[PDB]
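So the structure is just underneath, and the comments pick up after that.
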2 protein chains.
Amino acid sequence: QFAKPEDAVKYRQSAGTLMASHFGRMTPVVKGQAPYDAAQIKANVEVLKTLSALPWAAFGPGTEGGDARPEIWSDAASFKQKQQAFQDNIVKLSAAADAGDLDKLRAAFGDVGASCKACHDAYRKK
Amino acid sequence: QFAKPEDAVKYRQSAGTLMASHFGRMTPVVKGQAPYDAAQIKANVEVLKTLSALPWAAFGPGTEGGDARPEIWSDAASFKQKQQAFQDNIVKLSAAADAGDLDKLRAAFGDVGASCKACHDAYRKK
Ligand code: HEC
Ligand code: HEC
């Protein structure tokens with residue numbers, strides 16, 4: 001869907017921006033600094049679920065640029081493992097949110113955040 | 001969820017970027033220049049549905065900036081009418097996509113695009 005590689009870069013960066021907001025806005029809730037409303041969090045994690053499927057198709061052939069490392073493309077199976085594992089982490093977060101289970105939410109949130117960081121550390125330029 | 005107004009601006013702009021991609025990538029399909037796969041379009045319109053609910057909460061009190069006009073905030077009921085009418089247009093598009101009805105899709109796509117433009121013309125700086 002991208003006329004030029006620059007359009008794929010713009011897309012995936014914007015998807016990252018929105019994920020960061022929908023993930024990070026739950027930090028105070030996980031920490032107990034903000035109240036836990038199970039329905040609010042369930043709805044927010046749904047949004048995050050949708051968003052977290054979006055970046056990967058915007059690292060398609062010819063879309064090199066931004067702060068994306070070349071290794072994304074030369075090691076396609078390995079990058080794919082990391083995005084699929086991340087989306088698995090999001091499923092765990094969704095399950096926790098859908099159940100209304102705050103302890104589960106805390107734990108799953110930590111594992112999601114670790115997965116974001118592990119991919120950035122390997123595949124995003126500093 | 002925004003630490004500073006600039007964070008709300010960044011969010012709503014990124015939501016616009018992603019909507020433009022998920023809306024605009026259907027133009028060739030509507031025009032018949034690309035094939036119509038009902039399941040593909042149904043899934044894409046779902047994504048667009050989720051995205052098209054996101055900008056409005058990022059025009060919250062104190063979030064003035066970017067290319068957003070002041071009138072957004074001073075005329076709150078009227079801006080709200082335009083975003084609610086837009087989301088109604090998206091419901092029509094979803095219904096068309098879910099039914100697999102290309103003629104309905106064409107018509108609903110045109111009305112969505114008109115609604116994007118009408119809001120930008122009134123509320124986005126040039
Ligand atoms: C690899 C499998 C990733 C996972 C998992 C996550 N991110 Fe990511 N992210 C990735 C890359 C390769 C890039 C660079 C894209 C480019 O072309 O520049 C990014 C970028 C971001 C950004 C910055 C966007 C920008 O302003 O330029 C953000 C804010 C971001 N990513 C957030 C984010 C979050 C919160 C994630 C987990 C919920 C996450 N990413 C996972 C690769 C990968
Ligand atoms: C008002 C009810 C709007 C409707 C309906 C749509 N958009 Fe919008 N959009 C609106 C404003 C006020 C702004 C400016 C935000 C700012 O603070 O700068 C925007 C911006 C965009 C952008 C540009 C994002 C950027 O790169 O800075 C895009 C690409 C965009 N909008 C797309 C878009 C599409 C495709 C829409 C219909 C599907 C749509 N918008 C509707 C206000 C409103």
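Okay, here's what the table says:
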| read-out | value |
| --- | --- |
| Sequence ranges B:73-81, B:25-33, ranked by mean other-Cβ count within 10 angstrom, highest first | B:25-33, B:73-81 |
| Summed side-chain charge close to A:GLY60 - residues other than A:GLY60 whose Cβ falls under 15 Å, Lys, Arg +1, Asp, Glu -1 | +2 |
| Debye equation applied to the C-alpha atoms of the protein assembly as shown, log10 I(q)/I(0) at 0.08, 0.09, 0.12 Å⁻¹ | -0.34, -0.44, -0.80 |
| Exceeding the 29 Å Cα-Cα cut-off - candidates A:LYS10/B:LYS4; A:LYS4/B:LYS80; B:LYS10/B:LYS31; A:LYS80/B:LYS4; A:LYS117/B:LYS80 | A:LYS4/B:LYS80; B:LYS10/B:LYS31; A:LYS80/B:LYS4; A:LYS117/B:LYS80 |
| Separation of alpha-carbon centers, the stretch A:57-89 and the stretch B:2-46, rounded to whole Å | 21 Å |
| Karplus (6.51, -1.76, 1.60) ³J(HN,Hα), θ = phi - 60°, over the stretch B:110-126, in Hz, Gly and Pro reported as x | x, 5, 4, x, 4, 6, 4, 5, 4, 5, 4, 4, 7, 10, 10, 5, 8 |
| 15 Å beta-carbon shell around B:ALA39, net charge (K/R +1, D/E -1) | -3 |
| Note, ³J(HN,Hα) from phi for the stretch A:79-89, Karplus 6.51, -1.76, 1.60, rounded to Hz, x at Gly and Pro | 3, 4, 4, 5, 5, 5, 5, 4, 5, 4, 4 |
| Pair A:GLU64, B:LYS126: separation of 7 Å Cα→Cβ label points (nm) | 4.0 nm |
| Computed [θ] at 222 nm, deg cm²/dmol, chain A (DSSP H ≥ 4; -39,500 (n - 2.57); rounded to nearest 500) | -23500 deg cm²/dmol |
| Residues whose placed amide H lies under 5 Å from that of A:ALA68, excluding near-sequence neighbours | A:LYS125 |
| Under 17 Å from A:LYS126, Cα to Cα: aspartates and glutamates that are on another chain or at least 8 residues apart | A:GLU64, A:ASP67, A:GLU71 |
| Neighbouring partner chain Cβ atoms per residue of A:9-20, average, 10 Å criterion | 4 |
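Read the figures in this text as sums done on the coordinates, not as results from a lab. Cβ sites come from the backbone with ideal geometry, for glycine too, and all protein chains shown count toward neighbours.
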